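A single structure is presented below for examination.
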Amino acid sequence: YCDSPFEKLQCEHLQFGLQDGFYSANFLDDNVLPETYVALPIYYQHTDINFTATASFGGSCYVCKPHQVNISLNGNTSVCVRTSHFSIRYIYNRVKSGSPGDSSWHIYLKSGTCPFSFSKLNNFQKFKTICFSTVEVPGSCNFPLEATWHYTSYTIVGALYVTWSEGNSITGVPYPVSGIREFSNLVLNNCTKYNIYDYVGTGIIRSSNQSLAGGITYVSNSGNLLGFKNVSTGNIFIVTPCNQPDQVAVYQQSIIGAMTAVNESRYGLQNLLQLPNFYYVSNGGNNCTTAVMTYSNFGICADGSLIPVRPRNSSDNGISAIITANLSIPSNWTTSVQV
Amino acid sequence: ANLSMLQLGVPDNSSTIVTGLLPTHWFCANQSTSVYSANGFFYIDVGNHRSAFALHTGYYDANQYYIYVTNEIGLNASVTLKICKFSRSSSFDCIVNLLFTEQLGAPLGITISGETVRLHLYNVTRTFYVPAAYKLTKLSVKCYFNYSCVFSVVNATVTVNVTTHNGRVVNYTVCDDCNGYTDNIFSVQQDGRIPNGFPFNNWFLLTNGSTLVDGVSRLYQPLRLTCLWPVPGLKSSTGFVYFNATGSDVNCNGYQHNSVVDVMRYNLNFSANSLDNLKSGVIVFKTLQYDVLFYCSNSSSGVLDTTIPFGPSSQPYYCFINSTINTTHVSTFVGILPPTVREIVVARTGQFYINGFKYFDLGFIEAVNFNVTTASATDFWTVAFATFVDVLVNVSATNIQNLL
Amino acid sequence: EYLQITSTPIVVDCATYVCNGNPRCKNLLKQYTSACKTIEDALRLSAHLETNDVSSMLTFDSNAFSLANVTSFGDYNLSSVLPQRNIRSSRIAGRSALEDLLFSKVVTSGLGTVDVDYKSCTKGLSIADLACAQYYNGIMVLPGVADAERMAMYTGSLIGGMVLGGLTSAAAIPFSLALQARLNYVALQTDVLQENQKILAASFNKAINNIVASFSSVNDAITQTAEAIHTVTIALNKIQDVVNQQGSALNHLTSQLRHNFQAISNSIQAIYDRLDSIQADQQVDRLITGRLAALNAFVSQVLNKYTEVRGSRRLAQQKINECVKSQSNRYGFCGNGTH
Amino acid sequence: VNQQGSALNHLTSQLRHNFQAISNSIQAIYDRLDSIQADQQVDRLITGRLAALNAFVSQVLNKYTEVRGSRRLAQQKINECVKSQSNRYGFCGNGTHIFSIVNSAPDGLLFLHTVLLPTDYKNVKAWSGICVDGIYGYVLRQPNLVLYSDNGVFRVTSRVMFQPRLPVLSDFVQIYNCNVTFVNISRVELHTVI
Ligand SMILES: *[C@@H]1O[C@H](CO)[C@@H](O[C@@H]2O[C@H](CO)[C@@H](O[C@@H]3O[C@H](CO[C@H]4O[C@H](CO)[C@@H](O)[C@H](O[C@H]5O[C@H](CO)[C@@H](O)[C@H](O)[C@@H]5O)[C@@H]4O)[C@@H](O)[C@H](O[C@H]4O[C@H](CO)[C@@H](O)[C@H](O)[C@@H]4O[C@H]4O[C@H](CO)[C@@H](O)[C@H](O)[C@@H]4O[C@H]4O[C@H](CO)[C@@H](O)[C@H](O)[C@@H]4O)[C@@H]3O)[C@H](O)[C@H]2NC(C)=O)[C@H](O)[C@H]1NC(C)=O
Ligand SMILES: *[C@@H]1O[C@H](CO)[C@@H](O[C@@H]2O[C@H](CO)[C@@H](O[C@@H]3O[C@H](CO[C@H]4O[C@H](CO)[C@@H](O)[C@H](O)[C@@H]4O)[C@@H](O)[C@H](O[C@H]4O[C@H](CO)[C@@H](O)[C@H](O)[C@@H]4O[C@H]4O[C@H](CO)[C@@H](O)[C@H](O)[C@@H]4O)[C@@H]3O)[C@H](O)[C@H]2NC(C)=O)[C@H](O)[C@H]1NC(C)=O
Ligand SMILES: *[C@@H]1O[C@H](CO)[C@@H](O[C@@H]2O[C@H](CO)[C@@H](O[C@@H]3O[C@H](CO)[C@@H](O)[C@H](O[C@H]4O[C@H](CO)[C@@H](O)[C@H](O)[C@@H]4O)[C@@H]3O)[C@H](O)[C@H]2NC(C)=O)[C@H](O)[C@H]1NC(C)=O
Ligand SMILES: *[C@@H]1O[C@H](CO)[C@@H](O[C@@H]2O[C@H](CO)[C@@H](O[C@@H]3O[C@H](CO)[C@@H](O)[C@H](O[C@H]4O[C@H](CO)[C@@H](O)[C@H](O)[C@@H]4O)[C@@H]3O)[C@H](O)[C@H]2NC(C)=O)[C@H](O)[C@H]1NC(C)=O
Ligand SMILES: *[C@@H]1O[C@H](CO)[C@@H](O[C@@H]2O[C@H](CO)[C@@H](O[C@@H]3O[C@H](CO)[C@@H](O)[C@H](O)[C@@H]3O)[C@H](O)[C@H]2NC(C)=O)[C@H](O)[C@H]1NC(C)=O
Ligand SMILES: *[C@@H]1O[C@H](CO)[C@@H](O[C@@H]2O[C@H](CO)[C@@H](O[C@@H]3O[C@H](CO)[C@@H](O)[C@H](O)[C@@H]3O)[C@H](O)[C@H]2NC(C)=O)[C@H](O)[C@H]1NC(C)=O
Ligand SMILES: *[C@@H]1O[C@H](CO)[C@@H](O[C@@H]2O[C@H](CO)[C@@H](O)[C@H](O)[C@H]2NC(C)=O)[C@H](O)[C@H]1NC(C)=O
Ligand SMILES: *[C@@H]1O[C@H](CO)[C@@H](O[C@@H]2O[C@H](CO)[C@@H](O)[C@H](O)[C@H]2NC(C)=O)[C@H](O)[C@H]1NC(C)=O
Ligand SMILES: *[C@@H]1O[C@H](CO)[C@@H](O[C@@H]2O[C@H](CO)[C@@H](O)[C@H](O)[C@H]2NC(C)=O)[C@H](O)[C@H]1NC(C)=O
Ligand SMILES: *[C@@H]1O[C@H](CO)[C@@H](O[C@@H]2O[C@H](CO)[C@@H](O)[C@H](O)[C@H]2NC(C)=O)[C@H](O)[C@H]1NC(C)=O
Ligand SMILES: *[C@@H]1O[C@H](CO)[C@@H](O[C@@H]2O[C@H](CO)[C@@H](O)[C@H](O)[C@H]2NC(C)=O)[C@H](O)[C@H]1NC(C)=O
Ligand SMILES: *[C@@H]1O[C@H](CO)[C@@H](O[C@@H]2O[C@H](CO)[C@@H](O)[C@H](O)[C@H]2NC(C)=O)[C@H](O)[C@H]1NC(C)=O
Ligand SMILES: *[C@@H]1O[C@H](CO)[C@@H](O[C@@H]2O[C@H](CO)[C@@H](O)[C@H](O)[C@H]2NC(C)=O)[C@H](O)[C@H]1NC(C)=O
Ligand SMILES: *[C@@H]1O[C@H](CO)[C@@H](O[C@@H]2O[C@H](CO)[C@@H](O)[C@H](O)[C@H]2NC(C)=O)[C@H](O)[C@H]1NC(C)=O
Ligand SMILES: *[C@@H]1O[C@H](CO)[C@@H](O)[C@H](O)[C@H]1NC(C)=O
Ligand SMILES: *[C@@H]1O[C@H](CO)[C@@H](O)[C@H](O)[C@H]1NC(C)=O
Ligand SMILES: *[C@@H]1O[C@H](CO)[C@@H](O)[C@H](O)[C@H]1NC(C)=O
Ligand SMILES: *[C@@H]1O[C@H](CO)[C@@H](O)[C@H](O)[C@H]1NC(C)=O
Ligand SMILES: *[C@@H]1O[C@H](CO)[C@@H](O)[C@H](O)[C@H]1NC(C)=O
């Protein structure tokens, strides 16, 4: 079982029991994150699209096939998108007989040949035109529709046909916020999932104050954001990731100390020094006198404390010179063997 | 002030409007040391004396480029320009380090705009790209009026009316009028170029797809003019415009080549009011078969209104198209205006751009009637004609910094 | 003459570089665990093998160190070479008067290899530096072993060993007599009046001052004086070349994250916002393969660099053993004349 | 030995990685697809495996070049310490060389140097020359000898080991005019020194 802070290293490295030395560690967390969206100025205009399916049963056998299924978009057979924002749902009607006889039948969509998914069009996907339909049109992919009875036998009932073209005009939206004249959102101070000028990632967004005239997007040479700027003012913002890797020392099948970069306590350890280019977190004593592992310029001792490394002593005498004084000339000798 | 024609870029036997960094007033001083604040200098020397001019900041640095000019008059004008790093006069990295033999009796000069160092030399105009050269604000002058050395100091962005007659600059007058002309009017150089140091106020990049944000990138854009018609004052009784500057009302500015063009860049004059910026009228095109009528309104049942907003707005407008094919009036929907309408571009091969984005596409356009009813003439800044060329653009925040 | 004895230790994190912070690549990298343990072990072994060999040289002496003072060198002004004693801190000896004039040229232009502070890369409130922009991709620069102090104790132990004659316990012969023993090795001096030492004292001080003024970057006035600039210019070019070649490897490793391979985009979060989970793994695999192929090509260069530096330390040990302590007589060795 | 093993353990392990194909087994493809459709799959495996072999060869050659660099130092040490008794300081051993013995090892040689180390030393009242009658001065010819005084008896020894003997005439030269810090002695009692 992986609950304790040493057992999680064994879960990470896929190994029972670990050799002594320095190991890396970065424990991610799965969670649900809020979402921000900042884009160039444009007005707001919305449209809604359902996709219903209504069925009846009882022909000659139940388990073989349903009796009749109807498919419709908003009551029509085709709907084109002429506005700037949209959103799609999927609705299955179980109240056909009043009592839901549809409690056993499971009707749902599959994934067809389209290069995107149906349940992820409501995210911030950008197109040029779409024009959904439910009858056959040349040059169009499809999402099949499947029916079954307690997941024993499968059958195909209908489809959903969709065309498109690439662009940057029409954008999906999760849910129709009403009253806002210009759609944007911004969530500060803890980890989000941003979509800022068509850059997508995660991180923490903070506010600052610097006097930089020029661009509205600051990137590194690997394609990540470092900071953007609001248009109608001069304030900038800072974007940093919220998972920093570490260095963990392992000895005698336990954790001794860590080399962190965050000023707080960490995995089971309490005390905290402050070295000239990181923070060191351990819980040992301060009376140790001998070292068991090494790093750049110190030695981690047996219980966690730090010992600096001393240079080797060496004595030497120079070239004797012509002088009227007292000198030192060697008399006795011994041997030694070197390899 | 009597410069050449090549130092100002005007034609022969005309009267233009020139904007930019231009000299205004001469000095006559003998104080032998003065720290000014400036962006340039002109001077005239005939006197046998050392005369040295130097631009610098207010503190010494070991990674800054300094400009240093020294005249040593012999039989001609011996000028030594040295844009070099210094070591407390130990030059060790020189972008330029030259020696010019110049005609006596002709003034020289340096101006700075951005990271660009111009160089006026009475016969050419040479251009250097010094890194981090916007910081050079101060000016140290070693010039003596007793040895017949006079000099002027350039502050900023003067609007000058210039009159020429047979290669001789006759008049030279500074506008105490001419508000706002420093950002929208210029004079066309040789071979239809656009002069350096012009802040592109409403000059957008055109596109069929996405919009660029930042970075340096080659393009293919309409930036070679053949005319420019400043302050047109178009009315309800002007007529059509036929894609060439050979009519009866066209008053071009600077050079004027006769050719056939591709686009017509309009430019909109708008104030911070949102009540006087609501102009009433249509736009009438002229295709090969039938006329196309464009207008905008604020309700989706657009049968009761005809307006076009300028500048900033407060609620969305909807824009339509009429046509007529044998008493069968046809209407359609095109899109929404952006929140600030600034520029309208019409090409010959059908297309129609608003702030650099294509809305619709006709077949073939011959003339445009911009029919707006107004009680004044103050609606437009300029109307330009252009052709496609190959450029290199420094885009910053969806605008243009430089042009090459 | 300049030599090189060390390089800069690099330790790379695996999962941060390949799939930055996304907990869906952590499932897909489990099938390549044996393919990325061997990357980290190959770096953490060589970074230790350099440390042992560098700390094997740098000894220390105490009786020779106390004779490193400017009052024990006669008429020879040697004050711009000896280490500065007290910096009003907890330091035995700081840097010399010449080392700072070296470090003022090229270290401030390094910006990504020297004394990087990791404590301030996790606060925000600023657009990130170039050195902190690489720590967000796992690349960490360890400290070296030879700091400002040990290179001031090893060097002062050799300069002080000149005047240490072969007397009793700790007496020091004058330095004007310590050159008498180094000239009789050439030929027997049969002049009872030291007439040569006046001209040698008059020439050596000007020879020191011209070299000290040569590193001051005032170059064009001293270039046409003599041929002392011809020896210094090559050393300055080599010192600059080392720093440029250390920077250009990391500037090329980081820059291969912009290149998407045959996929949709180079951002891993951008794929999971668009496709289903069964369709996205084929896309993510094409990025994982190329990034591992980049890391292997980085390691296979770092190892050859370490082998070249191991080749270059031996010549430095030989010259320390034969010219500083011995006065060799091999022609074409230390200097082009009579040593 | 570890660096020799880890190269082959990495070359063999790149056969598990299929490239953008169906599977990493070539027999598994021809059991499934037709012959006209399978060659496009097999080509993607062939390309990657040739790209692996070239990267193996380009490492083996550098290893051979390093070993060619390392044999020369072994030939020099065999030529200079086993057969010659060199006198270069900081060479074989960190002291005074005597001899050396060789044995073999896994892929290489193993040297056994033999040096000397001092334990005791003596205190010696040195001098620097003899000045007879204020004019004529005598000093030692060779610069590796010391003239000293064991309380009225003058002897000459080396500067590296302590081996005393008596001074003779063939060790002295004549260097006129007598620096001050010599031994004042007249010509009559010179035979008590030499
Ligand atoms: C192509 O387009 C480009 C995009 O626009 C364009 O580059 C941009 O050029 C402008 C210059 O006009 C840069 O503007 C900034 O301006 C700041 C404000 O100060 C100046 O600007 C005012 C208006 O011009 C002046 O009024 C003002 O005077 C006032 O202030 C004075 C000082 O207080 C005072 O004495 C006066 O009396 C008056 O009160 C002043 O003239 C300015 O602060 C800013 O600083 C930069 O320069 C400093 C010194 O070099 C640095 O300390 C500072 O950090 C900035 O340098 C950064 O950028 C350089 C170039 O990019 C790098 O070489 C530096 O190393 C440093 O880069 C670091 O930081 C970056 C983020 O800032 C980061 O991304 C890097 O990785 C690195 O870590 C600056 O002058 C504008 O910044 C430029 N754009 C960019 C992106 O840099 C370019 O010119 C066009 N090409 C051509 C050929 O024209
Ligand atoms: C968004 O996307 C659209 C996509 O259509 C794009 O529109 C197209 O723009 C181009 C650019 O103008 C149009 O292409 C032609 O451009 C030439 C430019 O001339 C160059 O080449 C000639 C010869 O090489 C040189 O002389 C000249 O100096 C330039 O180097 C124009 O000359 C073309 O005009 C022709 O038609 C006129 C009317 O018929 C004639 O008067 C004219 O002389 C040209 O005729 C010549 O070409 C004909 C082609 O068949 C030929 O039949 C004739 O005999 C004669 O040789 C034309 O403008 C292209 O047409 C546009 N597309 C459409 C469908 O019209 C937009 O540019 C793009 N947006 C942005 C911002 O890029
Ligand atoms: C682009 O459009 C702008 C729209 O504002 C336009 O600016 C205006 O131009 C006129 C001249 O064309 C300016 O001058 C005014 O002219 C009338 C004529 O009688 C005067 O009465 C005005 O005086 C009033 O306004 C003064 C300034 O507020 C007051 O001090 C005075 O007491 C009067 O109330 C005035 O002189 C007018 O000022 C500007 N508007 C603004 C806001 O500046 C501009 O001309 C157009 N551009 C081009 C090239 O046509
Ligand atoms: C051995 O050589 C070293 C270096 O070659 C030498 O050290 C130098 O000593 C001189 C003085 O003896 C220093 O010069 C002074 O430095 C201070 C530092 O701030 C300056 O302020 C001084 O300027 C004043 O004095 C000048 C001359 O009187 C005036 O012209 C001036 O206006 C100021 O009033 C002056 O330059 C020099 O800095 C050091 N060098 C270093 C590197 O520290 C040492 O003296 C030599 N020793 C022997 C025994 O020869
Ligand atoms: C890293 O975090 C630690 C917290 O564990 C910081 O240590 C604390 O720092 C403060 C100020 O530097 C010390 O003073 C205290 O301040 C508070 C608030 O002003 C005050 O109420 C207290 O009376 C006290 O004066 C505090 O003692 C110290 N904590 C401990 C346990 O010593 C540390 O400063 C942080 N490092 C950096 C670089 O920010
Ligand atoms: C061998 O004998 C000679 C002469 O007998 C010694 O030479 C002279 O030695 C003295 C002192 O040792 C030197 O110093 C002088 O001392 C007097 C004070 O008495 C002082 O007034 C002088 O100014 C000077 O300092 C003297 O210079 C020296 N004579 C000469 C010509 O140099 C010599 O020292 C004896 N050898 C030894 C080892 O003592
Ligand atoms: C699917 O659509 C058909 C077509 O309208 C529906 O059939 C109609 O059902 C109503 C209800 O009994 C009848 O009054 C009509 O006469 C039917 N139309 C025809 C042409 O026969 C059918 O009911 C729908 N399916 C479901 C489950 O409601
Ligand atoms: C099972 O039988 C009951 C009653 O016999 C059904 O309940 C009603 O059936 C009628 C006719 O089918 C519907 O109009 C009513 O709406 C039903 N009542 C409710 C509360 O919904 C029941 O539907 C039958 N189950 C089926 C057909 O699956
Ligand atoms: C620090 O450690 C040293 C040894 O590592 C301790 O010295 C001895 O410790 C043992 C057990 O702690 C005692 O029995 C001895 O009497 C100690 N000897 C001396 C000379 O002190 C020392 O006590 C430790 N100090 C502290 C404060 O814990
Ligand atoms: C080297 O010699 C010194 C003194 O000759 C030894 O003495 C001290 O040891 C402590 C213990 O760490 C150090 O903090 C002191 O700095 C040392 N003194 C001096 C003057 O350096 C020392 O233990 C010997 N050994 C080593 C490895 O340094
Ligand atoms: C050189 O050594 C001799 C003895 O080997 C020293 O003579 C002794 O000096 C001490 C001074 O501390 C006296 O206490 C002794 O009585 C002396 N002994 C003898 C036998 O003379 C001499 O001082 C040393 N130094 C010099 C410069 O000669
Ligand atoms: C300028 O272009 C126009 C249209 O292409 C040319 O045609 C005439 O222009 C005048 C006024 O500009 C009109 O009154 C005529 O009706 C136009 N004729 C036709 C047939 O459209 C005009 O010739 C061109 N100018 C020059 C100098 O060539
Ligand atoms: C340009 O606009 C003006 C003003 O809107 C138009 O002039 C009007 O034309 C209609 C047409 O019957 C007349 O009823 C009005 O009396 C006119 N008004 C004025 C003030 O003259 C003109 O027709 C438009 N031109 C075009 C080509 O559409
Ligand atoms: C050389 O010796 C002198 C002794 O005169 C040292 O000078 C002392 O240095 C310490 C260092 O903190 C000061 O506290 C003393 O005040 C100094 N005394 C005098 C008289 O100047 C000098 O530091 C030594 N040099 C070196 C390099 O060690
Ligand atoms: C489309 O649906 C609407 C109801 O939303 C209906 O009024 C209209 O008649 C339908 N049109 C067609 C062609 O089915
Ligand atoms: C983090 O974000 C959540 C959003 O659900 C918010 O409720 C909370 O206040 C934020 N801050 C902290 C410290 O949890
Ligand atoms: C502005 O910058 C200063 C610099 O220290 C900082 O303390 C402050 O928090 C920043 N923000 C505001 C709103 O002042
Ligand atoms: C330049 O500007 C200064 C103040 O900015 C002003 O005093 C001076 O008169 C200007 N120069 C001229 C020639 O007007
Ligand atoms: C410029 O000067 C000419 C010459 O008199 C004049 O006709 C013209 O109107 C002037 N321009 C302006 C804008 O005043």
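For neighbour counting, all protein chains shown are included, and Cβ atoms are generated from backbone atoms with ideal geometry for every residue, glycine included. Here, each number is a calculation from the coordinates, and none is a lab measurement.
Need a quick list: helices (runs of 4 or more DSSP H) entirely within segment C:180-235 having at least 2 residues that are more than 14 Å from chain A (Cβ to nearest Cβ).
Result: C:196-214, C:220-223.
Turning to a different aspect of this structure: Would you call A:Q244 more than 16 Å from ligand 3 (Cβ to nearest atom), more than 14 Å from chain C (Cβ to nearest Cβ) and either touching a helix residue (DSSP H, G or I) at 6+ places or on another chain (Cβ under 8 Å) or over 22 Å from C:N52 (Cα atoms) (or both)?
It is false that A:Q244 is more than 16 Å from ligand 3 (Cβ to nearest atom), more than 14 Å from chain C (Cβ to nearest Cβ) and either touching a helix residue (DSSP H, G or I) at 6+ places or on another chain (Cβ under 8 Å) or over 22 Å from C:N52 (Cα atoms) (or both).
Turning to a different aspect of this structure: Could you tell me which of the residues B:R126, B:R118 is over 15 Å from B:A38 (Cβ atoms) and part of a strand (DSSP E or B)?
Within the list B:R126, B:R118, the selection yields B:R126.
Read through the list (1) exposed (fewer than 13 other Cβ atoms within 10 Å of the Cβ); (2) more than 9 Å from every other protein chain (Cβ to nearest Cβ), then give the number of the only condition that C:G311 fails.
Here C:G311 clears every test but (2).
Taking the residues in segment A:28-69 that are in a strand (DSSP E or B) and within 16 Å of ligand 8 (Cβ to nearest atom) as candidates, determine which candidate is nearest to B:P338 (Cα to Cα).
Looking at residues that are in a strand (DSSP E or B) and within 16 Å of ligand 8 (Cβ to nearest atom), I get A:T54.
Now for a separate question. Condition test on A:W164, is it in contact with a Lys or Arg (Cβ under 9 Å, 6 or more places away or on another chain) and either more than 16 Å from ligand 9 (Cβ to nearest atom) or of a type in the set (S, T, N, Q) (or both)?
yes
A further question follows. Go through segment B:343-387 and tell me which strands (runs of 3 or more DSSP E), entirely inside it, have 1 or more residues that are hydrophobic (A, V, I, L, M, F, W, C) and over 16 Å from B:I321 (Cβ atoms).
In segment B:343-387, B:344-347, B:369-373 are the strands (runs of 3 or more DSSP E) which contain 1 or more residues that are hydrophobic (A, V, I, L, M, F, W, C) and over 16 Å from B:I321 (Cβ atoms).
Give the residues of segment B:219-247 that are over 14 Å from the mean Cα position of the chain (by Cα), among the hydrophobic types (A, V, I, L, M, F, W, C) and assigned to a strand (DSSP E or B), sorted by residue number.
Once the filter is applied, which keeps residues that are over 14 Å from the mean Cα position of the chain (by Cα), among the hydrophobic types (A, V, I, L, M, F, W, C) and assigned to a strand (DSSP E or B), segment B:219-247 yields only B:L219.
Separate question: Taking the condition of being within 23 Å of A:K128 (Cβ to Cβ) and in a loop (DSSP other than H, G, I, E, B), how many residues in segment A:75-108 meet it?
The qualifying residues number 8.
Whether any residue in segment B:35-51 is over 21 Å from B:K135 (Cβ atoms), small (G, A, S), more than 16 Å from ligand 13 (Cβ to nearest atom) and exposed (fewer than 14 other Cβ atoms within 10 Å of the Cβ) is what I want to check.
So far as segment B:35-51 goes, no, none of its residues is over 21 Å from B:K135 (Cβ atoms), small (G, A, S), more than 16 Å from ligand 13 (Cβ to nearest atom) and exposed (fewer than 14 other Cβ atoms within 10 Å of the Cβ).
What are the residues in segment A:19-48 that are of a type in the set (D, E) and either under 22 Å from A:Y194 (Cβ atoms) or at the interface with another protein chain (Cβ under 10 Å from one of its Cβ atoms) (or both), if any?
A:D29, A:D30, A:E35
Only one of these is out of contact with any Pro (no Cβ under 7 Å at 6 or more places or on another chain), crowded, with 16+ Cβ neighbours inside 10 Å, of a type outside the set (F, W, Y) and within 14 Å of another protein chain (Cβ to nearest Cβ): B:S396, B:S297. Name it.
B:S396
Out of D:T114, D:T65, I need the residue that is surrounded by fewer than 13 Cβ atoms within 10 Å (Cβ to Cβ) and not aromatic (F, W, Y). Which one?
Every option except D:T65 fails the conditions.
Still on this structure, I have one more. State yes or no: is B:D291 farther than 30 Å from B:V389 by Cα, more than 16 Å from ligand 7 (Cβ to nearest atom) and surrounded by 14 or more Cβ atoms within 10 Å (Cβ to Cβ)?
Spelling it out, it is not the case that B:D291 is farther than 30 Å from B:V389 by Cα, more than 16 Å from ligand 7 (Cβ to nearest atom) and surrounded by 14 or more Cβ atoms within 10 Å (Cβ to Cβ).
Further question on the same structure: For segment B:82-114: of the residues being more than 14 Å from chain C (Cβ to nearest Cβ) and out of contact with any strand residue (DSSP E or B) (no Cβ under 6 Å at 6 or more places or on another chain), which is nearest to B:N48 (Cα to Cα)?
This residue is B:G105.
Also: Take the residues of segment A:183-208 that are among the polar types (S, T, N, Q) and within 16 Å of ligand 17 (Cβ to nearest atom): which is nearest to the other protein chains (Cβ to nearest Cβ)?
Result: A:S208.
Oh, and also: Considering segment C:246-259 alone, what residues qualify as being more than 9 Å from chain A (Cβ to nearest Cβ) and either buried (at least 16 other Cβ atoms within 10 Å of the Cβ) or in a helix (DSSP H, G or I) (or both)?
Across segment C:246-259, the qualifying residues are C:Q246, C:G247, C:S248, C:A249, C:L250, C:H252, C:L253.
Being part of a loop (DSSP other than H, G, I, E, B), within 16 Å of ligand 13 (Cβ to nearest atom) and either away from every other protein chain (no Cβ under 14 Å) or closer than 21 Å to B:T398 by Cβ (or both), is that true of even one residue in segment B:191-212?
no
Considering only helices (runs of 4 or more DSSP H) fully contained in segment C:1-75, which possess at least 1 residues that are farther than 24 Å from A:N243 by Cα?
Passing ranges, in order: C:34-57.
Considering only residues that are away from chain A (no Cβ under 12 Å), in a loop (DSSP other than H, G, I, E, B) and of a type in the set (S, T, N, Q), which ones fall in segment C:97-154?
Answer for segment C:97-154, where residues must be away from chain A (no Cβ under 12 Å), in a loop (DSSP other than H, G, I, E, B) and of a type in the set (S, T, N, Q): C:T108, C:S109, C:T113.
Given the criterion over 30 Å from C:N209 (Cβ atoms) and of a type in the set (D, E), identify the matching residue among C:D41, C:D75, C:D100.
The unique qualifying residue is C:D41.
So, in segment D:102-129, of the ones that are more than 7 Å from every other protein chain (Cβ to nearest Cβ) and assigned to a loop (DSSP other than H, G, I, E, B), which residue ends up farthest from ligand 12 (Cβ to nearest atom)?
Top of the filtered list is D:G129.
Next question, about the same structure. Scanning segment A:247-267 for residues that are more than 7 Å from chain C (Cβ to nearest Cβ) and among the β-branched types (V, I, T), which turns out surrounded by the fewest Cβ atoms within 10 Å (Cβ to Cβ)?
A:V250
Taking the stated definitions as given, is D:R88 surrounded by fewer than 14 Cβ atoms within 10 Å (Cβ to Cβ), of a type in the set (D, E, K, R), within 14 Å of chain C (Cβ to nearest Cβ) and away from ligand 5 (no atom under 16 Å from the Cβ)?
no
Further question: What number of residues within segment A:297-339 are closer than 30 Å to C:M151 by Cβ and within 13 Å of chain C (Cβ to nearest Cβ)?
Within segment A:297-339, residues that are closer than 30 Å to C:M151 by Cβ and within 13 Å of chain C (Cβ to nearest Cβ) number 17.
Could you tell me how many of the residues in segment A:200-237 are surrounded by 15 or more Cβ atoms within 10 Å (Cβ to Cβ) and in a strand (DSSP E or B)?
Qualifying residue count for the region: 15.
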